[PDB]
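Chains as they are written, first to last, in the deposited numbering: chain A, 404 to 607; chain B, 1496 to 1544; chain C, 1207 to 1254; chain D, 2 to 29, 49; chain E, 291 to 386; chain F, 1304 to 1399; chain G, 592 to 984.
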């Protein structure tokens, strides 16, 4: 009977989101909704889906996600897993929904809400990337540059000093992947951060 | 559609109304008539207050 | 005083540059982020 | 009417008062 | 309004900004914040924890605590040492 | 972002409903569940758009006039008898 | 003899009339209040606001009831209650500190250090008296604190006034022919020391637990140039400068609660005490009664409405009584510009002192800058540059 219970819970979450004015009130009402112990992924997934289904990205949903992942630690882990899942399943979303999801996750990352551990799931190699993933990344990084200023971004990328190591973003020195990384990161508009790897091609 | 879902669906809304007394088989086909024709007859005639 | 205030049409606008903020607030839906074309980065927030 | 929260009387507004806690407030030689 | 008690009408609606000034008295600039002043304080000590204190009423401060516990079973004598009472042992004293 | 306009919206929507209640010579709340007012026109309702059915944020009044404090409490808006979540109109309008 | 009361005030409240048109009646009301309450201390600050000092919150409640209703039937605006602070020194003076008389020839230098633990309490309880033959004081100090001979004989005065917790000592190296000159200038350097230690340089407040041991006094000409009024400001200024160089701290008064609650009310009391920066000295069953006795300390500044919370959360039981107990040092460092507190939240340790100091200075109307260079001369600033510790001052 979990199909009907899950559908009813999803409907209640959607109605609660749509009957809210500001993100604080929506979070308070969502916290009032009781839910089974292991399905905390469902609330985050429907928050992201509702964000995607709307015409233009409104900071409402980014603020909702940021507040939940700042409320506790389980929500932050849930959101990192949500990003991990949504990256692999991004080829099946149209351009507008992809843009909305990219804005959501970019607002989450730009405020240090989920931590940049998520970037260990990225990899810029043709064997596991598509056009949709490329556009997803460009939108995320453009928003993050705009929000932070491209000044602090190069420190945030240059000093991982944790389990993030950018082994797909900054590819391990092998094959043609470094060329892909460099020309994509200069095509997007970033350019500066790739100068550090620009010397590797000289080295090898 | 959202406010239809919020109130409990079309069936949930119609349980409040007198739809059942009409004896109509299903709600899908029905439609409302805005003016009774008698009203349209007297929309220009001079009438007391 | 750090913030410009004005009222255009029916709106009351308050512009607070990032230099003079020294305070952390949630970027509401009703807060407009103003950018700078010279640096292509947000420099002030307008409260509407 | 209590700790600075609430309206002086519910009469005159379309509400009944009934303030609730935020339940999402982030308490940090 | 204490959250378990009644709610009335203000009885004093004169709080408009006719002075139009903050009086530079209650401003954050010159005030030490340690703990918020709850309304329980404003009701317990009406003349200290709030200005504009008119028509308030004062209540009995304290009463001597009652130490009578009714007997559980009539078979016991009326005068009997209740085990709840702590024993009278105070060998911590320096007398003459 | 304007907390005064929100309570004005609640008040004015409530009085718009009160006009309909008065016209039938009874303004009892049991007689008029939200399905009477907010159900679409083709279902026999009034088809009223709703925004007074939301929580109005509150913060301590002592420091509300002198600083922007965090939203610590929520005062209910127009009450729906039972568990009903009438959708907000603003959620179907994209911000400027 | 003036009455020796059993407690201090250490509880400050600022008042003002609702409309300044009725300022004089409040003044008369305050005068009458000062007449009727012995520990009430009505004071006027530079800002023009009037402060009142009372023993506790019930004391101030009754005092303000009488002020409003009994004496001056007007309406007043009462500020939030605040504790009465004090300043002290925790470390020895970094550098020698000297000052110059307006005649620019008589030079006087001082150094300072904290007292030993017992001296404060022994002075306060009357184990000492300045109106004693010097042999008794010398022997008392020698036996009880292993103090040395000449130092024990060199006790000049206690500040401020008798029963004060400051010691004017002098170590002039002996070998001074001008003993008559020294005894001439002593009688009005005493007054300067009392004035300086009564009105602190850190804030307009008394100083506790500090000895001002005089180092060197130089004055060549005859007694004509030795004016008492010419030398008192020099003594006050040098005392201030020495105290500032000693890395001062802030002392606050602490109560000592005594709660009588049943067993099941014990955890709540502990929570309140841990919440209000307090700790339990003793928690034992009460002999002969079914109640439990809790004895604890709690700072005055954090004791606002503790009794009300205790009696509300305990369903009417657990009555408490607060007695002023002693003074404790505030953990923070008062003079630390590196700390910028956000003006909404309470300080959270190691920054309490700076917050208290700046807020008190603003309340009293004193300038926030605290010019350290105001209290010592430019040559002293050069000496600080030589010593390398001029960055703090």
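Each residue gets a CB set at the ideal place from its N, CA and C atoms; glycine is no exception.
DSSP, read as helix, strand or coil, puts residue 969 of chain G in helix. For residue 1380 of chain F, the residues of chain D that pass the 8 Å Cβ criterion are 15, 16, in the order they occur in the chain. The count of Cβ pairs closer than 8 Å, one atom from the region 907-922 of chain G and one from the region 884-899 of chain G, reaches three, so the stretches are in contact. Beyond the five residues adjoining it in sequence on each side, residue 529 of chain A comes within less than 8 Å, by CB distance, of 583 in the same chain, given in chain order. Between residue 884 of chain G and residue 875 of chain G, the gap from beta carbon to beta carbon is short of 8 Å.
Put simply, of G/617, G/965, G/632, G/679 the residue whose alpha carbon is nearest the alpha carbon of residue 948 of chain G is G/679.
Note on residue 1513 of chain B: under 16 other CB atoms within 10 angstroms of its CB, so exposed under the neighbour-count rule. No Cβ of chain C is located within less than 8 Å of the beta carbon of residue 1390 of chain F. Within the region 687-740 of chain G, the beta strand (DSSP E) runs of at least 3 residues that lie entirely inside it are, in chain order, 688-691, 698-705. Here the region 845-853 of chain G makes contact with the region 901-913 of chain G; the two share three or more CB pairs at distances below 8 Å. Residue 1324 of chain F sits buried, since 16 or more C-beta atoms from the chains shown fall within 10 Å of its C-beta.
Residue 377 of chain E belongs to the set of residues whose beta carbon lies under 8 Å from a beta carbon in chain G. Within chain G, the residues placing a beta-carbon under 9 Å from that of residue 352 of chain E are 902, 910, ordered along the chain.
In the structure shown, residue 806 of chain G adopts extended strand secondary structure according to DSSP, grouped into three states. Under DSSP, residue 609 of chain G forms no beta bridge with any residue. Using a CB distance cut-off of 8 Å, residue 291 of chain E counts as an interface residue toward chain D. According to DSSP, residue 536 of chain A shares a beta bridge with no other residue. As computed with DSSP, residue 852 of chain G is found in a beta bridge with G/883.
Chain-order list of chain D residues neighbouring residue 473 of chain A: 27, by C-beta distance under 7 Å. Under a criterion of Cβ atoms nearer than 8 Å, no residue of chain F is adjacent to residue 449 of chain A; the nearest Cβ is some 15 Å distant.
Look at residue 543 of chain A here: in three-state DSSP terms it is helix.
Nearest C-alpha to residue 812 of chain G among G/963, G/694, G/941: G/694.
The closest CA to that of residue 1396 of chain F, considering only A/512, A/423, A/415, is found on A/423. Nearest in C-alpha terms to residue 533 of chain A, of all of A/467, A/587, A/508, is A/587. Within the region 404-415 of chain A, those residues whose Cβ lies closer than 9 Å to any Cβ of chain B are, in chain order, 414.
If you draw a straight line from the Cα of residue 1321 of chain F to the Cα of residue 1332 of chain F, it comes to about 10 Å. By the Cβ rule, the region 639-655 of chain G does not count as touching the region 789-801 of chain G, because fewer than three pairs are nearer than 8 Å.
Here the alpha carbon of residue 1233 of chain C sits roughly 8 Å from the alpha carbon of residue 466 of chain A.
Between the C-alpha atoms of residue 634 of chain G and residue 625 of chain G there is a straight-line separation of about 10 Å. Looking at G/674, G/613, G/662, the one whose alpha-carbon comes closest to that of residue 644 of chain G is G/674. The beta carbon of residue 318 of chain E falls within 8 Å of a beta carbon belonging to chain F, placing the residue at that interface. If you check each beta-carbon in the region 1313-1347 of chain F against every beta-carbon of chain B, the ones closer than 9 Å belong to 1336, 1337, 1338, 1339, 1341, 1342, 1343, 1344, 1345, 1346, 1347. Under the DSSP assignment, residue 752 of chain G falls outside any beta strand (DSSP E); it carries neither an H nor an E label. In the three-state reduction of the DSSP assignment, residue 744 of chain G falls in the helix class. For residue 381 of chain E and residue 712 of chain G, the gap between their C-alpha atoms comes out near 28 Å. Remark: fewer than three beta-carbon pairs, one from each stretch, lie closer than 8 Å, so the region 598-608 of chain G and the region 432-444 of chain A are not flagged as touching.
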